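For reference, the structure discussed in these notes is given below.
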C-alpha cells in the first residue's frame, strides 16, 4: 500500500548488490541479529510472502543478512532447488 | 412501333410486382374484347398475387359484364376460394354471394333453392363476416334477405325467426361498425314477434352486446389511420390506389401490426380454434394491404406455423411473400431457412440466387437509367454484395470450403459491381474458421485490383493486418497507398493506424521516422493529440479520457534504503520457500 | 501510513507528514515556512525552502518569496549570493520580471550610487539593461519595471560633462527600446518621450519622434490583439510568503483548463512572429512566454509537453527535452503523459533502465492516489474506478513497452504482478495480455488462459464477459466459446449484458454451427427474454462484418 518504494541505484557506478551490502554493512552485529529476529517472527504469521513478492530486494537483504552471519550454505542451495 | 401490347408485357416482365401495369394491359385487352388475351394476363397476375383479394374481385367484376355462366366463373372461385388459398376477404365473398344469388333464384328453385343462398351467406359468416369489424355492408344484405323472406307456411314463418334471431344473436357480439344501429333494429324486431316474450331476448345480449361496443371502440382507436382501399373494380384501378413495387407506408404497417397484437390478447375470449381463425383473418388482411412490407409476411409465416403442424406451412406463405418481394433479403433468408430445415438443400441455393438476380437486375435498371444518382446506386451495390456475403457463408457451412470459394470467385468476376465487404468477409472465413492465412491474405490484396484507391477499404484492410500482426504485409500495403488515397481524412487515418503499429511492434525509431513523414504531409495535425492516439489500448484513448479530458514498522525501514524492486525482480532467487523454512530454522 | 500518523500539537511534524503524501501541494510548504519562521528557526526555514526549490526549480514566485524573506533582516551577500546564482544559472532560465526586480533591488543596495560613484552607478545599469535584454522587452505587462529604470535615470544629476551627455544617450536608447515592444504603457510612455525630446533639442525632437512614430503604432496595435487574446488571463501567484493564501496557490494536480488554453493561444500568437524579430531573438521571446506559461499552470501536462517538445524542436543537445520533461513530471509525478514522453526520450538515448524506473514512478504515484481516494471515501465508486482504470491502463502500456524492449519474459512477469493486484485493476489488463499472447506472440493456449484467469475476479462482470466472448467468437475458439457461455448466463446480473451474451452466441451458432443448434439456443434465449422481438433478433443473426444490413438496407424503420 504505502511501503517504501526503495532507492534509485546509479547503475553506471555501483551494483544493486554492492549497494545491498553497503547498507547492511552499517548496522553492527547487534542490529543485524536484532533485525533477523523481527524477520523470524514475522514469518510465523504468512502475511510475509506478500511483502516478499512486491520487493524481491528485501529477499536478498535477508538472504545475505543470513549466510553472512553464519546461517547456512549447504541449505541455501535447497531454496532454489 | 405502336403495339402497346408487346410494349407493356416487357415492362411487366422487368417489374412484375407493379400491379397497375397488368391493369393498364387489362384496360386494353378488354377495350378490344380480346377475351382470349385478357385471361392469360389476368392469370399471370393471379400466379404472383394469389392472395390479393381485389385482384380476384377485379376478375369477377369483369365477367359480371355480359347473363352469367357457371363455366367461366366456376373455375375462378375454385382457384381463389380453394383450401390452399383461404381468400377470406369480405369484398370478395360479396361477389360470390352475388353469384349464389343469380344462379339460384328463390322463386324458380324453391324451398331448397332459397335455402341454398343461406349456405352462401352462412359460410361467409362463420369464416369472415364475424371477424371483420367494418362488415356493415354485408350483414345488411343478408338480413335484408331474411327480412324480405315471405313465410309461405307455419314452418317457414317459424324457421324465419329461427334464422333471423340466430343472425342477430351472432353479429351483436362481434365488434362491428353497426353494433348500435343493428341493436336498434333487433330490439324493435323482437317486439313484432313477442310483446311478452321477446323483451327477455334483448335482456341476454346486452351483456355481450355492450362489451362488443367497447372493444369496437378500443378497436376503433387502434384502427386510426387504417386506410384500407384497394381497387376492387378493374375500372377504379388508378395508378395511385395501387402500391408501387417494393413500396409501403411505414406508418400504415405499424397500425396494422397494432391491430394484430390486439387480436392476440384474445379479448373476445374465443375458443382457440376460432381465436386462431380470427388472428388468421386479420393477418391475411394485413399482408394484402402491406403486401410489399416483408415484416408482415415474416410475422405471419412465423405464426401460421408457430401454431399448427405441417412443416410445409411456414415455407408456403414465405414463398408467396417472397413473390411480392422477390428482391427481399429477409424472405430470401427466411425461406432458405425453412428449406434448410427440411433439408431441401438445392432449394436453398435457388431461393437465395433468386434474390441475388432480382437485386442484380434492379441494379442494371437503376444504373443504365440515371447513373447520376450514386446515393441510391451504391446502396444497391451493397445490398447485392451483402446477400452475396450471407450466401457465400451459408454454402461454406452447408456445402464445404470448396463452394465457399466458388461464390467468391463469381463475385470477383463481377468486378467493381459489388463493394469491398465481399473481399473483407471471405478474408475472414479463410483466416479465422479455415485458418488459411495465406489465401486469406490473398483475397484482400486481390480486392486491390478494383479498390486500391478506396480509402475505406484500405483502412479496413489494414486494421486486419495490424491486428493479426502481418508485419511485412501491414507495411507493404501502407507504402503503396499513401499516394493512392484521396480523401485526406482516411489518409490521415492510414498514418495514425500504422504509426501506432510501429509504436506497438517496431521501435521508437521506426515510429519517429514515420511520424516525420506524417507531420510533413499533415502540418496542421496536433502533436500532443496525435501523441495520445499512439498510446491507445484496446482501441480506447485512455490518455485523453483519464487525463487530458478537454479533448512491521522496523523492517519497513530497510525497504526505505534497499534498491528498488526492479533491480532484482529480474529473477527472485528464493520464492515461497522463504516461508516454509524461515519459520522453523 | 504517513498522514495517518500520531502527532502531538507538533504542527511541524504534522505538516511534514502531509507534505510527504502531497509533495506538490506547494501551499503546505508555505504553511511550514510561516511556522519555522514564527519561531526564528532559520536552520529549518532553509532546509524546507530547498526541498521546495528542488522540485519546482522554475517557480519564480517561490524564489521571489525567499529573497523577499531575506530582505527582512541589513543585507549580506553571504546568504543572498548563493541564492541568486542557484536560481539565475544557465540551467534554470528563471526569467520572471518580479524576480529580476528582487534582483535589481539587490544590486541596488549592495552597490550605493554615492559611495562607489562612476563604476558604481554604472553597475546598477548593467543589472538594469540585462533585464531589458533578457526579459522586459518580452513581457507586455512590464509597465512596472520600466518606470523604475527610467526613474532611475531621471534622477541622475549629471556630475559633469561626459555624464550629462551619456545621460540622454541612455534615456533615449531606453525610450526607443520600449516604444516598440507591445506593452501596457506604450501610450503613456510615448507622451513622456515626446515632451522629453522637447527638453534637449529643437532642431531634433520632431525628427527623432518621427523615426519611432512608425514602429510605435504597429506596436500599440500588436499589443491590442495581444490584449484580446490575453482576455481572461489571470497571473497572480504569491510572491511574498505572506500573500500566500490557500486559494492563490495550485492545489495538487489542479489547473484551470480555460486558463491553460488562454496561455496556449498567447503562445500560438507569439509563434506568428508579428514583430518579425531575428531567429535567435524569436526563439528567445517564445521561450520567455513558455516559462510564464509553465509557471502558472505547472500542473497541466500539456504545457510541459508543448514546451519540452519545443526547446528541442530547434537545437541539438539531445538532453534539452529529457530535461524539461523531467521538471514537468516533477510537478505531476502521476501524469501518464509525462511518464511516456520521458520513457521515450530515454529510449531515444538508449538509457533503457531510466525507462522502467520512469514508468513505474507514475504507477507508484498513481497507486498512491488510489489507496488515498479509497481509504478516504470508498463511498465514491465513481472516481474510485476512474483511478483504478488509469492505473490498469498505465500498466497495459507498460507491460507492452517491456514486451518490446525486454521481451515475453518481463512482458509476462508484469502481468503476474498485475494479477496479484487482484481486483485493484480493471479487466483491461487481462484483455491486453490476451492479445499480446494471442496476436503478436501467437501462443493461443496461454492467450486463452490469461482470459479465463481473469474470471477469478471478473466472472460477475457483464462487460468483461462480453469482451471475452468477442474474442473467442472472432478467432473461433469453438468449444471455449460455448464453455464460457453456459457458465455465465447464471452469473451476469445486468439483463442487457446477458441479453447480449446470448445474442452473440446465437450469431456464432448460425455462423459456424447449425440451424438446429441455433433453434435450440434461441428457444432458451426467448424463454429468458420473452419481451424480445422475433424479427429484430433475426436481423442480428444475420449481421455481416458487424453491421446489421438487413436493418439498414431493408427493415430501415428500425
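Residue numbers (our numbering), protein chains in the order written: chain A, 302 to 382; chain B, 43 to 627; chain C, 3 to 560. In this text, a Cβ means the ideal position worked out from N, Cα and C, and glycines have one as well.
A distance of 8 Å or more separates the beta carbons of residue 354 of chain C and residue 269 of chain C. Listed along chain C are 422, each with a C-beta nearer than 7 Å to that of residue 354 of chain A. Pairwise C-beta distances place the stretch 90-110 of chain C out of contact with the stretch 247-256 of chain C, as fewer than three of them are shorter than 8 Å. When secondary structure is reduced to three states using DSSP, residue 579 of chain B falls in the strand class. 8 Å or more divides the Cβ of residue 405 of chain B from the Cβ of residue 69 of chain B.
The beta carbons of residue 39 of chain C and residue 47 of chain C sit closer together than 8 Å. Judged by their CB atoms, residue 468 of chain B and residue 450 of chain B are nearer to each other than the 8 Å cut-off.
Annotation note: the stretch 53-97 of chain B contains the following uninterrupted alpha helix (DSSP H) runs of length 4 or greater, listed N- to C-terminal: 61-71 and 80-90.
For residue 442 of chain C, the chain B residues whose C-beta falls within less than 7 Å of its own C-beta are 511 and 547, listed in chain order. DSSP places residue 270 of chain B in no alpha helix (DSSP H); its state is neither H nor E.
In this structure, the beta-carbon distance from residue 349 of chain B to residue 318 of chain B falls below 8 Å.
The stretch 605-613 of chain B makes no contact with the stretch 281-300 of chain C: fewer than 3 CB pairs, one atom from each, lie closer than 8 Å. Within the stretch 350-428 of chain B, complete alpha helix (DSSP H) segments of at least 4 residues are found at 354-366, 371-383 and 388-409, given in chain order. Contact annotation: the stretch 73-88 of chain C does not touch the stretch 115-127 of chain C, with fewer than three C-beta pairs closer than 8 Å.
Using a Cβ-Cβ distance cut-off of 8 Å, the stretch 589-606 of chain B and the stretch 323-340 of chain A are in contact, since at least three pairs of beta carbons, one from each stretch, lie closer than that value. For residue 448 of chain B, the closest C-alpha among the options B:532, B:459 and B:431 is that of B:431.
Cβ-Cβ separation between residue 371 of chain B and residue 538 of chain C: approximately 15 Å, too far for a contact (criterion under 8 Å). Residues are counted here when their Cβ sits less than 7 Å from a Cβ of chain B; for the stretch 251-279 of chain C these are 259, given in chain order. For residue 198 of chain C, the enclosing alpha helix (DSSP H) has its first and last residue at 190-199.
Of all residues in the stretch 303-330 of chain A, those with a C-beta nearer than 8 Å to a C-beta of chain C are 303, 306, 309 and 312, reading in chain order. Exclusion of the five residues before and after residue 27 of chain C leaves 254 as the residues of its chain whose Cβ lies within less than 6 Å of its Cβ. Cβ-Cβ distances below 8 Å link residue 205 of chain B to 160 and 188 in the same chain, with the five nearest sequence neighbours on each side left out; the list follows chain order. Residue-level contact by beta carbon fails for residue 325 of chain B and chain C, as no gap is shorter than 8 Å. Within its own chain, the residues whose Cβ lies closer than 7 Å to the Cβ of residue 450 of chain C, once the five positions on either side in sequence are excluded, are 479 and 482, listed in chain order. Close CB contacts of residue 547 of chain B within its chain, under the 8 Å cut and outside five residues either way in sequence, are with 511 and 513 (chain order).
A buried status is given to residue 108 of chain C, since no fewer than 16 other beta-carbon atoms sit within 10 Å of its beta-carbon. Counting only residues of its own chain and dropping the five nearest sequence neighbours on each side, residue 491 of chain C has no CB closer than 6 Å to any other CB. Counting only Cβ-Cβ distances below 7 Å, residue 332 of chain A has no contacts in chain B at all, with the closest Cβ about 10 Å away.
The bridge partners DSSP lists for residue 134 of chain C come to none. The Cβ of residue 619 of chain B sits closer than 8 Å to at least one Cβ of chain A. Around the Cβ of residue 530 of chain B, a 10 Å sphere holds fewer than 16 other Cβ atoms; the residue is exposed. Between the stretch 3-10 of chain C and the stretch 355-364 of chain C, the count of Cβ pairs shorter than 8 Å is below three; the stretches do not touch.
The continuous alpha helix (DSSP H) containing residue 342 of chain A extends over residues 330-342. Pairing residue 332 of chain A with residue 619 of chain B gives a Cβ-Cβ distance that is not under 8 Å. Judged by their CB atoms, residue 354 of chain A and residue 422 of chain C are nearer to each other than the 8 Å cut-off.
Residues of the same chain with a CB within less than 6 Å of the CB of residue 368 of chain B, apart from the 5 flanking positions on each side, are 400 in chain order.
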